[PDB]
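Now for the letters of each chain:
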Amino acid sequence: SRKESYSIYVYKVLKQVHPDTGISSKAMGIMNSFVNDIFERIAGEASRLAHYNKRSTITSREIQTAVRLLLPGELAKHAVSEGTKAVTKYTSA
Amino acid sequence: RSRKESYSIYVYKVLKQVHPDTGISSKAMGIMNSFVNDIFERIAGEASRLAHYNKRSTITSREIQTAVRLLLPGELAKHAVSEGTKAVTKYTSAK
Amino acid sequence: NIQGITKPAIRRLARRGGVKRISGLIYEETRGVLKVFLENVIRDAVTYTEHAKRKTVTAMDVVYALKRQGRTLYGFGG
Amino acid sequence: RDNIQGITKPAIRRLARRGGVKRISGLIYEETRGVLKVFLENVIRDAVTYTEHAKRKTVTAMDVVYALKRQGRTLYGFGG
Amino acid sequence: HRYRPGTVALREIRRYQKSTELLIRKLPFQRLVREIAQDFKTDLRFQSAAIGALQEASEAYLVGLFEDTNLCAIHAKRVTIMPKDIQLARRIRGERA
Amino acid sequence: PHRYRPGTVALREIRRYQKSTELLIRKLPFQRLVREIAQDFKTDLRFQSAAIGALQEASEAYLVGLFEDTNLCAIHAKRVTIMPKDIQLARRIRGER
Amino acid sequence: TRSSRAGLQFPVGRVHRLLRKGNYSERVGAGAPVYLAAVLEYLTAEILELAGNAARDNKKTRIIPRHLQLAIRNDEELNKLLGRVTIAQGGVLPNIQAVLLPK
Amino acid sequence: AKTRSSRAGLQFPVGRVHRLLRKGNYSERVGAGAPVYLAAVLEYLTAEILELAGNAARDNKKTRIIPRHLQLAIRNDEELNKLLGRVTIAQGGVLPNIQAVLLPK
DNA sequence: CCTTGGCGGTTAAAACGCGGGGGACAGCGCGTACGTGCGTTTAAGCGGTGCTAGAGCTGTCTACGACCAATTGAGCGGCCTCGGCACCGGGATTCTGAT
DNA sequence: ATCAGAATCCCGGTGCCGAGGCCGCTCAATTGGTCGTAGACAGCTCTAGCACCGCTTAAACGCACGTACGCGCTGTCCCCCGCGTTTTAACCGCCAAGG
C-alpha cells in the first residue's frame, strides 16, 4: 500500500546535523514514532487550549503556548524561538 | 449573566430513587457533577481514539462498549455493559 | 514569607498522614517539596491564564493544571 | 502447562543483574514471576479487548502498542 | 501530670484523622502563593477559590507524601522518619529526576 | 582455574548485562506463556511475532525497573540482599496494584 | 424525552449535543449516547448508594464530601478508578500501622 | 520557494502537517500559521535528539546510529529524560549504573 | 461585580525553654543461605516444509446520521421554611500513668 | 497484676442557615422530512500465523562446598515530645475604591 513516513525529512535533518553519521532502520522507525507522539501531544494541548478558551481555530499562539507548557524551560524557550522564527520568515516570504 | 448548565437535578432524582430520605450538600453535588463530567470526558476520548484506530468516523454504541470495558475495572464494566445494553434494547423497542 | 508553613503545621499534616514521630530535619525538606510542587502547579496555571490574555487566575485554570499533573480535583468546575 | 515457570531462575537472575541487584534471595523468583504475570494479564487484556473491537482474531503489534499507551508504557519503533 | 512520649502523639493522629478542615494557615499560604507566582507574571490577581483549591491540593499531596515517608521509614525498621525517607520515596515515585 | 571471592562474578555480569542490549528470556517460553495467559480471554487467537516481541520488550523493561526499585529498597535498610517485602514496597510506592 | 422512553434518567439529548460540541467524532451514532447515559446513571447510582450507606454509618441525613471520600476509598474498583484524583474536604481513611501502637 | 516549507525554510513538510491537523479533528478550523510552527518544533526536537545521538555514536566509535545510542542520548540529557521518561526505546538497554554500596572496597 | 487595600479587636495559635526516656546509632556473636564452580541433562533455537485460516483489498447498494423547519415542556433563575448538623455543657468509661 | 486521673463520645439542650420544596420563565430537546455518503456485506487474494520434524548446541539444573551478609543482642548517646510559658498576627468583621 501507500504508506507515509518522515524518513526523508529526518534524513535531511541528519545530513545538516552530521554529514558522516548514518542511522539504522530500527532507529528511524523509533524516530518516526517519536515524531508522531510529539505531534499528537502538542496538537492535543493546542486543541485543549482552543476548546477551553472558546476558539474553533488553531493558530501559532496556541502551538507556542502548548510548546511552552510541554517542553522544559530551556527547551521550551528554544523551540518557541525556532517556531516564531519559522513563522516570521514564512509570513515574510 | 450567562446560563450555567449542570447535572444537579438529575443526580438528585437518582439519589431519591436509590434512597428515599438522603440529603445532599452543594459541595458534594459539585464534586460528583465534576466527576460525571470527568467520566464523560474519559469515555468520549476513549471512543474517539477507538474510532480513529479503526479509521472510522461514526462512533456507534459498540465503541462506547469497548471504551467502558477498557476504562471501568472488571465488575463495574460488566455491570455497566449489562445495564446499558438493557437500556439500549428498551430504547430500540419504542420510539 | 516562606516561614508560614510552620513546625506545628507540618506536624499536624504528618499526624494526619499516619506518621508517629518526626525528626527535626523533615521540615526543611517538606518545605522544599511544597515549594517545587507549588511552582509546577502555579506555573501551569499562570501559563493557562496568560494564553487567554487575562490577569486574574481562576480556580478553573488551577483544576486544569492539576489535570495536566494527573491529580485532578473535583468540586471546582471540573 | 506452568509456562510461567518457563521463566527460569537464571532469566530472573540476569534481569536482576541488568537492573543492578548485587544479592538475590532464593524466593525472589516467585514474586518476580507473579508481577510478570499480573503485568502480562493487564497488558494482554487491554490488547485483546482492542483486537476484538476491531473484529479480528489476530493479536497485532499495534494492539499491544495502544494497550501500553493506555497503561502508560508507550513503546516506539513498532508502529504508532 | 505527665504523659509518656508517643501516646498523645497517637491521640493527635486519631483526632487529625477524622477532621477534614484545611490544616494550613490561610494568610501565610496566600502570601506564599503570591510570592511564588510573582517571579512568573507581574501584578497577578488571585481568586479566593483558586488559592483554596491550591491549599486543598497541596494538603492532599503532603498527606500522600507523609504516608509514603512513614512507609519508607518503617520498611527499614525505624519509627522516626528521616529526610532520606522522603528523598527515596520521591525518587521511586518518579518525581525526582 | 580458581574460585575467587563471591560477588566479583556478580559485578562482571551486571556490567556486561548493562552494557548489553538483548532480551534475556528465551523467546519460546515467553511466547508459550503469552498464549497460555491469553487463552482465558479469547480462544483460537493467532499471535503475531511482532506482538510477542513487543510483549517481551515491555515485560523485560517492567521487570528490570522493578529490580532497580527493589535494589534501592534493599539498600535503603543498610542491606544488600533483596527480599520480597522490598518488591511489595516498591510496587506500593509506585502506585501500582 | 428520550431519557424516560429508554427507562433511564440522564438526558440523552444533552449528552448527544455535548458530544457534538466536543468534536469526539465527525458524526455520532444514535445509540451510543443512550448507552453513555445508562452507564453514567449506573455509576452515579452506585456512588450515591455508597454515599447513603456512609451517611447511615455516621447517623447523618445530608451527604458531606467526607462520606463520598470514604465511600470511594472503601470500595476497591471505584478506588482504582478514582485513585489518582483527590477530593477536596474529603480526608483519608483511618489507618495506623500495627507497629506504632503501644504494648 | 513554492512549497510552504520552502517559504518557511523548514525541512519538515508544512503541507503534510496541515493535512494531518485538518484530518485529525482538533478544531473546526486550522490557522495557516500553526502548521509552520508545529513543523519547526518537530524539526528542532528531531535535531536536538540527533546531535546527541551522533555524539553518543561517536563515543561508541561506531559509524552508524543504533537505538542504543538513541536511548543513551535520551537518558543522559536531563531535559530529554524529563520529556521521555515515560517512553522505552526498543532494544535500548539501560545506563551503566552501579550503586556505591554494592561496589566492593 | 468580584478583587484588592485598610483598620480594629482578640484569642487561638505560633514560638521558646527544659527534663527525659524511648528511639537512633554503633559494635559484636553467631547461622545459614546464597554465591560458584562442575558436570549432566534438557530444551530453545535454527533450518526446512507444508498447510491453511484469516487479514487485507474491491466493489455495491443501502439506510442511518447531518441538514432543514415546527413546538413545547422540562431544566435553570429566583424565592421561601425547616431540621440537622454546628455548637455547648454533663456524664462515665477507656484508656494511659504510676508501682 | 490494680488504683488515679484527664480525654473524649454519647446524650441532652441551643439554633440558624443552607438544602429541599416550589414557582416562574425560556431556549434546547423532540418530531417530521430530505438527501448524501460510511460502511455492512458479499467476495477474491495471498500472507503469514501455525503445525510438524530433524539436528544441534547453548542454556538450565542438581549438587557439593564455602563464607558474607542477616539478623539478633547489648550498650551508649541525644533529641523530639510533652509540659508549661510567652508572644503574635490571622480571622472575623467591617468598610471603602476600582478596574
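Residues numbered from 1 in each chain as written, not as in the entry; some residues may be left out. Chains lettered and ligands numbered in written order. Part of a larger assembly, values for the part shown. Heavy atoms only, no water.

Structure determination for this entry is recorded as cryo-EM, at 3.4 Å resolution.

Within the PDB entry, the label attached to chain F reads Histone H3.3, and the organism entered is Homo sapiens. According to its PDB record, this entry is titled "Paused elongation complex of mammalian RNA polymerase II with nucleosome (PEC2-nuc)". Heading Sequence similarities of the UniProt record for chain F holds this comment: "Belongs to the histone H3 family." (UniProt positions renumbered as here; feature names shortened; annotations may be inferred.)

For chain C, the PDB entry supplies the name Histone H4 and the organism Homo sapiens. In UniProt, chain C has this text filed under Sequence similarities: "Belongs to the histone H4 family."

(A) Looking closely at the overall build of chain F. Within chain F, the secondary structure is distributed over four helices and two strands. Reading chain F from its N end, one meets helices and strands in the order α-α-β-α-β-α. Rg of the C-alpha trace for chain F: 17 Å, well past the compact-globule value of 13 Å for 97 residues, more than 25% over. Counting all 97 residues of chain F, 51% fall into the buried class. (Helix = DSSP H or I, 4+ residues; strand = E, 2+ residues; numbered from the N terminus. Rg over C-alpha atoms; globule rule 2.2 N^0.38 Å. Buried < 20%, exposed > 50% of the residue type's maximum accessible area, 1.4 Å probe, protein only.)

(B) A look at the protein's contact with DNA strand J. Among the 51 residues in the neighbourhood of DNA strand J, the closest are listed as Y12 and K95 of chain B, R2 of chain E, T81 of chain F together with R2 of chain G. Each atom of DNA strand J within 4 Å of the protein was classed as base or backbone; sugar and phosphate made up 92%. Between a phosphate oxygen of DNA strand J and a main-chain N or O atom of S26 of chain B, the distance comes to 2.9 Å. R31 of chain E is positioned such that a nitrogen or oxygen atom in its side chain is 2.8 Å from a phosphate oxygen of DNA strand J. Elements supplying a minimum of two residues to the surface near DNA strand J: β1 (23–24) of chain B, β1 (21–22) of chain C, α1 (9–19) of chain D, α1 (7–18) and α2 (26–37) of chain E, β1 (46–47) of chain F together with α1 (2–5) and α2 (12–21) of chain G. Residue classes in the surface near DNA strand J are distributed as twelve nonpolar, 16 polar and 23 charged. (Near = heavy atom within 4 Å. Polar contact = N/O pair within 3.5 Å; in protein donor to acceptor, adjacent residues only side chain to side chain. Nonpolar A, V, L, I, M, F, W, Y, C, P; charged D, E, K, R; others polar.)

(C) Quick peek at helix α4 (residues 73–92) of chain A. Look at α4 of chain A: 28 Å from first C-alpha to last across 20 residues, which is about the 28 Å you get at 1.5 Å a residue. Inspection of α4 of chain A places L75, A76, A79, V80, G83, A86, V87 and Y90 of chain A among the buried residues, and these make up the whole buried set. Burial along α4 of chain A is one-sided: seen end-on, the buried residues are contained in an arc of 135°. Seen from the open side of α4 of chain A, the exposed residues pointing more than 90 degrees away from its buried face are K77, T88 and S92 of chain A. Those residues of α4 of chain A hidden inside the fold are in contact with α3 (60–70) of chain A together with α1 (4–8), α3 (33–59) and α5 (78–84) of chain H. (Expected span 1.5 Å × (residues − 1). Arc of directions from axis to C-beta. Contact = heavy atoms within 4.5 Å.)

(D) Looking closely at the packing of helix α2 (residues 28–53) of chain D against helix α3 (residues 49–76) of chain F. Viewed as axis vectors pointing N to C, α2 of chain D and α3 of chain F meet at an angle of 135°, and their least axial separation amounts to 10 Å. As summarised for this structure, α2 of chain D and α3 of chain F are arranged oblique, according to the angle between their axes. Handedness of the crossing formed by α2 of chain D with α3 of chain F: right-handed. Touching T32, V35, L36, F39, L40, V43 and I44 of chain D of α2 of chain D are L55, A58, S59, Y62, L63, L66 and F67 of chain F, all from α3 of chain F. (Axes fitted to C-alpha atoms, helices over the stretch in contact; angles between N-to-C directions. Parallel < 35°, antiparallel > 145°, perpendicular 65-115°, else oblique. Left-handed = near helix turned anticlockwise from the far one by under 90°.)

(E) Quick look at the layout of surface pockets. Here the second largest pocket defines a volume of roughly 350 Å³. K22 of chain D together with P6, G7, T8 and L11 of chain F are, among the 17 residues lining the second largest pocket, the residues nearest its centre. The set of elements that each furnish at least two residues to the lining of the second largest pocket consists of α1 of chain D together with α1 (8–19) of chain F. Among the elements that line the lining of the second largest pocket, the one with the most residues is α1 of chain F, at five residues. Of the residues contributing to the lining of the second largest pocket, the split by class is ten nonpolar, two polar and five charged. (1 Å grid on protein atoms, 1.4 Å probe; cavity = no way out; pocket = protein on both sides within 12 Å on 5 of 7 lines; lining within 4 Å. Points joined across faces, edges and corners; volume = space filled by probe spheres on them.)

(F) Looking closely at the side chain of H53 of chain D. Assignment of secondary structure puts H53 of chain D in helix α2. Those residues in contact with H53 of chain D that sit more than four places away from it in its chain are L50, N54, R62, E63 and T66 of chain B.

(G) Inspection of the protein's contact with DNA strand I at higher detail. In the vicinity of DNA strand I there are 54 residues, among which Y10 of chain B, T80 of chain E, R3 and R32 of chain F together with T61 of chain G approach most closely. The sugar-phosphate share of atoms of DNA strand I within 4 Å of the protein amounts to 96%. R13 of chain D is positioned with one of its side-chain polar atoms (N or O) 2.9 Å from a phosphate oxygen of DNA strand I. Residue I24 of chain D places a main-chain N or O atom 2.5 Å away from a phosphate oxygen belonging to DNA strand I.

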